[PDB]
Amino acid sequence: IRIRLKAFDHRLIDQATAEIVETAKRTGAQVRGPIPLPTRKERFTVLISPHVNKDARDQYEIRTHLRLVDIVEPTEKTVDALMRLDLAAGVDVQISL
Amino acid sequence: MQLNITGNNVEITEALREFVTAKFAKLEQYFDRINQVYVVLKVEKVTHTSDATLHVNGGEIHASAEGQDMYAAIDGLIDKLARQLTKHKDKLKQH
Amino acid sequence: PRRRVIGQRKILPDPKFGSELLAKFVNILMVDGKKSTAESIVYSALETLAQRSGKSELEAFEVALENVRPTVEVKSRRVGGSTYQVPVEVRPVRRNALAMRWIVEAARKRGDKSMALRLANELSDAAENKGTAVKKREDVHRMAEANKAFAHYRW
Amino acid sequence: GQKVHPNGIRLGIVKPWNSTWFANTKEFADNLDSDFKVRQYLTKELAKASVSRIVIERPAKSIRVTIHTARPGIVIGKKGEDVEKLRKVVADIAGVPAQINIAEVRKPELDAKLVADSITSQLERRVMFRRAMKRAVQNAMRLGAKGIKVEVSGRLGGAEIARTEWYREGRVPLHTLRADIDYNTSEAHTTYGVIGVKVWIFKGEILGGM
Amino acid sequence: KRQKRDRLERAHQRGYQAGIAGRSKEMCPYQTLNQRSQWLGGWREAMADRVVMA
Amino acid sequence: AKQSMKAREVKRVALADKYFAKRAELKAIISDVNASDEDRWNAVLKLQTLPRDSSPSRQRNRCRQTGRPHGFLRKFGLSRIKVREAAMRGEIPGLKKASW
Amino acid sequence: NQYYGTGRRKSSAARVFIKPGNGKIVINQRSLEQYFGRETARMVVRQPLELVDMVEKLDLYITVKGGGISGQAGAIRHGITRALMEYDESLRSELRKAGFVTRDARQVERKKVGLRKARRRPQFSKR
Amino acid sequence: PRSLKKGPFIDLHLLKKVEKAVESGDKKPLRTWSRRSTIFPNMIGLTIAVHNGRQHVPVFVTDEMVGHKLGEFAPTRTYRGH
RNA sequence: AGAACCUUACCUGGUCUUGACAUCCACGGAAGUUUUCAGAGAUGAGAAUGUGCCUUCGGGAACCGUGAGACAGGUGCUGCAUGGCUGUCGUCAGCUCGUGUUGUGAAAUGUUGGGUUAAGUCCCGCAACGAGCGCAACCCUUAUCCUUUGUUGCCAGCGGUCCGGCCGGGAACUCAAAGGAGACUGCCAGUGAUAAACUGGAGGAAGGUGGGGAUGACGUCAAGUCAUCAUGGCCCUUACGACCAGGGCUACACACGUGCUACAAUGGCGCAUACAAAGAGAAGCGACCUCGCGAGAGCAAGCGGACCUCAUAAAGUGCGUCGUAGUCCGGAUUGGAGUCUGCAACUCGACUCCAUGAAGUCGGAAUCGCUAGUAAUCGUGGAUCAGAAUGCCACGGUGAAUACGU
Ligand SMILES: [Mg+2]
Ligand SMILES: [Mg+2]
Ligand SMILES: [Mg+2]
Ligand SMILES: [Mg+2]
Ligand SMILES: [Mg+2]
Ligand SMILES: [Mg+2]
Ligand SMILES: [Mg+2]
Ligand SMILES: [Mg+2]
Ligand SMILES: [Mg+2]
Ligand SMILES: [Mg+2]
Ligand SMILES: [Mg+2]
Ligand SMILES: [Mg+2]
Ligand SMILES: [Mg+2]
Ligand SMILES: [Mg+2]
Ligand SMILES: [Mg+2]
Ligand SMILES: [Mg+2]
Ligand SMILES: [Mg+2]
Ligand SMILES: [Mg+2]
Ligand SMILES: [Mg+2]
Ligand SMILES: [Mg+2]
Ligand SMILES: [Mg+2]
Ligand SMILES: [Mg+2]
Ligand SMILES: [Mg+2]
Ligand SMILES: [Mg+2]
Ligand SMILES: [Mg+2]
Ligand SMILES: [Mg+2]
Ligand SMILES: [Mg+2]
Ligand SMILES: [Mg+2]
């Protein structure tokens with residue numbers, strides 16, 4: 001089983017990882033290493049004056065962070081627990097068999 | 001001397017155009033090498049105003065004047081540029 | 001500028017003849033960042049310089065260079081209503097830069113077919129005191145000689 | 001000249017966001033319009049509850065909304081009659097099951113947004129603008145602000161010409177990024193038109209991103 | 001642009017220029033005796049040259 | 001934006017996604033080379049009949065706060081102005097000033 | 001017992017392995033003279049060897065990814081000078097004096113708002 | 001121009017009211033805002049007064065006018081000179 | 001940050017009047033759904049079908065239609081009544097306050113003086129003593145190294161191979177991203193007021209603010225915006241409000257500004273062949289296959305993506321040709337023939353093929369940009385967006401010139 005973790009904060013994500021790679025160890029299973037992935041950086045430019053003045057801008061950004069964790073030898077026990085976990089708000093997870 | 005007229009809150013009729021052109025024709029005697037020049041006329045509430053900017057041979061001269069009419073505004077303006085143009089000339093013909 | 005520019009650059013020497021001098025000469029001919037194109041044009045000229053003088057390349061291209069380097073240039077200085085042309089020594093490195101520039105400038109202003117031909121011919125003519133390049137130096141030198149009286153002003 | 005929004009600049013460095021969820025483009029614009037509405041509603045009808053901040057999270061097909069106040073009693077009610085009402089009529093517009101919490105603001109005088117309105121209220125009651133401004137800077141420093149600045153601007157005392165006046169005392173270093181400075185504004189609606197108010201409160205410098 | 005020019009040389013040429021233009025010694029802006037020596041040094045060299053100029 | 005202008009956008013959305021299928025399939029035959037000349041010719045008359053405001057190209061993204069028609073951003077559904085205003089409060093998760 | 005460097009210039013990265021031998025070179029499963037048309041490139045690649053005359057006393061093996069020609073060529077040189085002063089902690093000082101040991105750093109400047117490029121700014125004629 | 005496969009475009013309203021012209025022979029001019037519509041062969045012989053923005057203007061259709069689009073015969077700007 | 005319609009605020013003509021957009025009240029009718037006709041359409045008149053969910057025996061809850069009037073509505077006016085936001089001098093090194101002292105007083109001192117610095121930077125003096133807003137530092141990025149983790153990324157040593165990281169393996173290396181290490185005038189000479197600093201040297205990936213960004217003092221210009229929004233006042237209310245079709249914003253004797261492409265041989269054309277970065281995609285990015293000279297069409301894998309797709313970088317390089325011509329330079333203009341988006345491309349789209357083949361031979365007076373991975377030059381992506389970049393915002397490739405000096 002693979003779970004991909006994704007979020008806007010980096011401290012926040014490096015929690016959920018540690019949380020999951022604690023349970024996986026708990027409910028007897030081998031977890032194949034939290035491996036980080038390229039972080040997408042959507043960028044935006046906007047006129048900051050409400051009229052005229054083209055050369056006056058802000059440059060905004062959203063950094064998305066991706067993490068991947070595997071499940072080597074999925075115990076029957078684990079599959080329920082790693083499914084049943086209330087996980088920090090503002091974090092998307094995608095467990096997929 | 002190539003001219004250009006604007007109106008910011010003023011309709012440029014064909015006195016105010018004809019008038020302004022004649023008044024500006026003098027300035028060349030103060031300095032022969034005037035190039036393109038832009039004029040702007042304003043009316044804000046009660047204040048009549050007239051500014052122009054003059055591209056000259058190695059410079060940029062600007063002034064603005066306020067009248068109770070626009071004619072009196074432009075009359076004032078021409079006296080301001082005259083003095084600046086003479087100052088310019090004299091710090092080139094500086095021997 | 002008002003302060004001193006710190007940090008001079010590093011010209012790599014030529015791939016062939018391994019000279020920083022010739023490497024500069026390429027840059028000067030180079031256009032729009034096309035260093036390879038210029039690298040070709042230069043060598044093909046020296047070929048055709050070598051193939052007639054029969055006097056090496058890094059030693060022939062030199063002889064052109066000596067016929068054309070100036071030793072005294074004029075600086076302009078506004079005095080009263082007038083402008084004083086005044087003679088000054090030329091720095092060694094500068095007179096290299098000028099020679100190499102005048103050679104290139106003279107080349108381009110010709111009717112020959114290739115660029116390589118123009119350069120070659122010009123370098124050859126240079127070696128026998130002939131082309132526009134060498135004409136220019138002569139003229140420079142004439143002017144500094146004329147208004148020698150203003151040699152020692154510091155103003 | 002113009003000045004950067006002191007909250008905005010310090011967002012990652014030393015401040016939090018007010019809304020903290022994650023979404024893909026598909027539902028990103030939709031969570032924004034949803035949030036807007038809930039704030040638009042809450043602030044409207046908690047007007048008189050002294051509310052500082054409405055931080056609002058979307059955990060997993062849901063929404064918990066945790067709304068800072070210096071009068072929690074009035075928000076809660078008689079063992080939570082009003083709170084559940086709010087809950088009922090948020091889930092209404094959030095489009096999902098909602099739950100609500102009540103954070104406690106201990107020192108309302110050291111809260112940029114609270115003090116900002118405090119003034120805006122006084123000004124609405126034809127109070128002298130210098131008195132309002134002067135009072136605030138006292139209160140703040142009295143309770144351990146390391147600094148405080150309040151600006152007010154518009155047609156002060158109904159004057160035919162508009163101007164801008166401000167007092168500071170203590171440190172308010174806007175260029176220092178780790179400096180926790182709390183900033184917020186409030187428009188006041190006198191009969192002469194809008195008087196804008198702005199407030200900066202320095203609480204000291206921080207040594208850790210957290 | 002990256003680093004300030006020699007202070008002594010500059011001081012010597014400032015001296016020269018006040019010299020030729022005919023200001024008095026005792027306009028010298030330096031009390032740092034080191035720079036001062038450069039300034040006057042220029043100013044006196046310049047006094048020679050003025051003579052043979054018109 | 002004038003209340004009216006905000007409104008038209010609702011009239012226009014509603015239709016667009018009610019006749020959505022009718023248009024699609026009624027278009028689908030038009031572009032079918034291998035179909036009855038009788039059919040396709042009918043269709044051309046039939047599409048032009050059902051109402052204009054029911055076309056998706058007829059609508060205009062307006063800020064869903066102020067109604068502005070210009071300087072829209074899809075990611076937020078807001079104008080450049082309101083995006084900035086909200087950005088600075090921290091009402092847009094993640095978003096923040098950027099340097100590189 | 002093979003000695004290794006990484007090496008970077010502009011956007012290039014060059015992982016290199018040297019071994020004692022007669023003076024072979026491979027870049028990305030290819031020979032020097034093949035991979036690099038330009039002459040400059042070649043000069044640059046071997047000039048650390050040409051310095052400490054091991055031109056034909058060691059046999060090199062390379063791969064590069066990213067950048068253009070003068071980037072890769074440059075990145076390789078750095079790669080060698082790293083390995084070549086690791087096989088021999090001795091040579092450093094000589095290598096260093098040639099200025100091969102430093103990693104260049106010069107990157108392309110970003111485009112900025114209001115400008116046509118990094119520093120080129122749109123015309124306005126006082127004409 | 002319109003793809004060949006999609007056939008020639010005419011607004012229906014106008015398409016209809018040049019059956020009654022051609023079947024139930026009339027001899028009146030027809031009003032129309034249908035500047036889109038291309039001229040079909042049926043339209044040969046019938047004046048039809050197409051809108052230009054402020055006024056309708058008569059276009060006595062002919063063989064030569066076939067395929068072109070009505071509005072291609074109702075100029076919409078006035079200019080004499082300067 | 002993208003006017004065919006829409007947008008749209010304008011013009012012409014056709015309509016509407018408690019109104020297109022709300023709350024309140026009475027009355028009627030579930031809401032929907034499917035049709036014909038007239039009309040440019042708005043709209044008007046018909047026709048079919050339908051009778052729902054808690055309702056405790058009155059139905060309330062929908063959501064629709066008519067009626068009354070408290071009202072809604074206005075991109076109408078004033079940016080010289082305002083808030084908010086923004087340009088500008090200027091990322092210039094300034095601008096001030098408390099107490100003390102001096103002066104009848106406006107004021108002054110501090111903030112001057114000697115040095116120093118990018119810097120009111122720092123030091124030493126001194127009727128000043130202190131403090132604050134700025135300066136610098138804290139933030140992001142880039143340059144080197146180390147730890148942890150290793151798939152969708154990686155292949156040094158092995159073994160196998162359909163020779164394709166392709167396979168078993170490997171966790172080295174490149175790279176991905178969390179956490180750390182590092183640069184401080186710290187170390188060494190010489191100068192210097194036993195200072196502050198300066199100039200040079202060492203090591204080091206980097207040296208003196210390493211490079212680039214973010215960050216804009218008190219104020220100035222009744223600068224800009226009542227058409228983003230809000231808002232004092234004033235004005236309109238069967239019309240300055242509302243709906244619709246067509247047109248207009250794309251008009252052309254002309255003047256000015258910003259760009260693109262050229263005028264050729266450091267080049268045009270044909271064949272052959274190398275090396276990037278950054279970014280986008282959900283009902284979207286759309287391969288492979290078939291069709292077509294081509295724009296494209298049909299069919300339909302994979303991919304919410306370090307995996308799939310956009311999507312083959314170009315200049316470069318080799319071989320050939322053209323031979324200095326208004327040319328095998330240029331590609332404007334125009335005819336013919338198409339494709340695609342879209343109710344719809346006449347006014348007014350982008351692109352394709354065939355034909356056409358203009359001005360232009362390097363630009364008067366004037367005038368602009370740029371000091372290094374910069375200028376110059378070459379390609380790539382994105383936002384807006386049904387379709388509509390030579391603009392804007394980003395990304396790499398190649399890669400100079402010259403600074404004596406004031
Ligand atoms: Mg992506
Ligand atoms: Mg007079
Ligand atoms: Mg700003
Ligand atoms: Mg409104
Ligand atoms: Mg549209
Ligand atoms: Mg611009
Ligand atoms: Mg570039
Ligand atoms: Mg229109
Ligand atoms: Mg009308
Ligand atoms: Mg103003
Ligand atoms: Mg105005
Ligand atoms: Mg006294
Ligand atoms: Mg001062
Ligand atoms: Mg003072
Ligand atoms: Mg003083
Ligand atoms: Mg001083
Ligand atoms: Mg200071
Ligand atoms: Mg050093
Ligand atoms: Mg700073
Ligand atoms: Mg004004
Ligand atoms: Mg219309
Ligand atoms: Mg226009
Ligand atoms: Mg160009
Ligand atoms: Mg051609
Ligand atoms: Mg796109
Ligand atoms: Mg084919
Ligand atoms: Mg500079
Ligand atoms: Mg380009």
Side-chain angles (χ1 to χ4, degrees), chain A residues 10 33-38 45 48-51 53 56 68, chain B residues 4 35 44-45 57, chain C residues 1-2 5 27-28 30-31 33-38 41 91 113-115, chain D residues 1-4 9 13 24 154-155 162 175-178 191-196, chain E residues 1 31-32, chain F residues 2-4 7 47-48 52 55-58 60 66 68-69 71 79 81 97 99-100, chain G residues 4 6 11 13 15 17 37 66-70 72 102-103 105-111 113 118-125 127, chain H residues 3 9 13 33 35-36 51-54 68-69 71-72 76-77 79 81-82:
Chain A
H10 87 247
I35 170 76
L37 280 152
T45 312
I48 64 169
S49 169
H51 190 266
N53 300 339
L68 185 70
Chain B
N4 294 298
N35 299 300
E44 316 314 305
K45 306 273 277 290
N57 230 62
Chain C
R2 293 181 175 295
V5 197
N27 292 349
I28 280 183
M30 169 170 63
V31 150
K34 294 210 206 292
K35 163 77 70 45
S36 77
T37 293
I41 290 171
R91 288 172 283 135
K113 303 285 269 278
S114 79
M115 177 66 208
Chain D
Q2 271 68 82
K3 283 164 187 60
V4 66
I9 197 67
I13 298 98
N24 309 302
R155 296 185 62 181
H175 280 41
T176 290
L177 285 168
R178 60 162 162 243
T191 189
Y192 291 86
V194 192
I195 294 166
Chain E
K1 52 173 286 286
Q31 277 57 244
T32 53
Chain F
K2 289 163 68 171
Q3 296 302 275
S4 65
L47 178 57
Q48 67 167 261
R52 281 191 192 184
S55 181
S57 291
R58 191 90 175 166
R60 183 72 187 227
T66 197
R68 219 174 94 109
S79 81
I81 290 173
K97 285 180 72 67
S99 30
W100 64 86
Chain G
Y4 169 93
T6 187
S11 195
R15 54 196 276 284
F17 311 74
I69 286 156
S70 60
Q72 289 164 356
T102 174
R103 190 266 138 120
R106 301 186 296 136
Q107 308 291 74
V108 24
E109 228 166 307
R110 62 174 287 183
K111 186 175 166 282
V113 161
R119 296 194 187 181
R120 206 208 183 299
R121 75 187 320 111
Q123 180 171 290
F124 88 112
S125 297
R127 184 204 310 113
Chain H
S3 282
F9 186 86
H13 46 91
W33 294 265
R35 296 179 60 99
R36 286 187 274 181
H51 192 232
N52 78 355
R54 52 167 163 182
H68 297 106
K69 289 177 159 274
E72 206 164 348
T76 143
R77 295 171 182 105
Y79 181 53
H82 297 117

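Convention: sequence-line order gives letters A, B, ...; per-chain numbering from 1. What's counted below: heavy atoms across the whole structure, side chains too, no hydrogens, waters or symmetry copies.
- Side chain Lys69(H) to base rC346(I): no donor-acceptor pair is found below 3.5 Å.
- Consecutive residues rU228(I) and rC229(I) stack, with base ring centres under 5.5 Å apart and planes meeting at under 30°.
- Rounded to whole Å, the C1' atom of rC343(I) lies 47 Å from the corresponding atom of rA315(I).
- An anti base is found at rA297(I): its glycosidic angle is more than 90° from 0.
- For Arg60(F) and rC6(I), a side-chain-to-base donor-acceptor distance below 3.5 Å is absent, hydrogens and geometry of angles not being considered.
- No hydrogens or angles were tested; on distance alone, a donor-acceptor pair under 3.5 Å links the side chain of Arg36(H) to the base of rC343(I).
- Where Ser55(F) and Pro69(F) each meet RNA chain I at their nearest nucleotide, the meeting point lying more 5' is that of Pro69(F).
- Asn4(B) has no side-chain polar atom (N or O) that falls below the 4.0 Å cut-off from OP1 or OP2 of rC256(I).
- Stacking between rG357(I) and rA358(I) is absent, since the six-membered rings do not have centres under 5.5 Å apart together with planes under 30°.
- Proximity of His175(D) to the phosphate of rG216(I): no side-chain N or O atom is located under 4.0 Å from OP1 or OP2.
- Between atom CD1 of residue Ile81(F) and atom NE2 of residue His51(A) there is a gap of 10.5 Å, rounded to the nearest 0.5 Å.
- Taken together, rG159(I) and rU75(I) do not qualify as a Watson-Crick or G-U wobble pair under the 3.5 Å criterion applied to both distances.
- In this structure, NZ in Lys111(G) is found 12.5 Å from CZ in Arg120(G), a value given to the nearest 0.5 Å.
- Judged by distance alone, with hydrogens and angles left aside, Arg52(F) brings a side-chain donor or acceptor within reach of the base of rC343(I), the pair sitting under 3.5 Å.
- Using a cut-off of 5.5 Å between ring centres and 30° between planes, the six-membered base rings of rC80(I) and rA81(I) fail to qualify as stacked.
- Pairing partner, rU104(I): none, since no Watson-Crick or wobble contact has both distances short of 3.5 Å.
- Taking 3.5 Å as the limit, the base of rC11(I) and the side chain of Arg54(H) contain no donor-acceptor pair of atoms between them.
- Contact of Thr176(D) with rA137(I) (side chain to base): a donor-acceptor pair of N or O atoms is detected under 3.5 Å.
- Taking the 5.5 Å centre cut-off and the 30° plane limit, the aromatic side chain of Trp33(H) is classed as stacked on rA40(I).
- In this model, the phosphate group of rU371(I) is approached by a side-chain N or O of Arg119(G) to a distance below 4.0 Å at OP1 or OP2.
- Consecutive residues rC138(I) and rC139(I) form an unstacked step, taking six-membered ring centres below 5.5 angstrom and planes below 30 degrees as the test.
- Rounded to a whole angstrom, the distance from the P atom of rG207(I) to that of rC124(I) is 32 Å.
- Consecutive residues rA251(I) and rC252(I) form a stacked step, taking six-membered ring centres below 5.5 angstrom and planes below 30 degrees as the test.
- Judged by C1'-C2'-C3'-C4', the furanose ring of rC329(I) adopts a north pucker.
- Pairing check for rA178(I) against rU147(I): the two satisfy the Watson-Crick or G-U wobble geometry, each of the two atom distances being under 3.5 Å.
- Spacing between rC252(I) and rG246(I) at atom P, rounded to whole Å, works out to 23 Å.
- Closest of all the heavy-atom pairs between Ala118(G) and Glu109(G) is CB-CB, 3.8 Å.
- The torsion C1'-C2'-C3'-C4' is the criterion here, and for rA265(I) it is negative, giving a south pucker.
- Checked by distance alone, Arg15(G) brings a side-chain donor or acceptor within 3.5 Å of a matching partner on the base of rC173(I).
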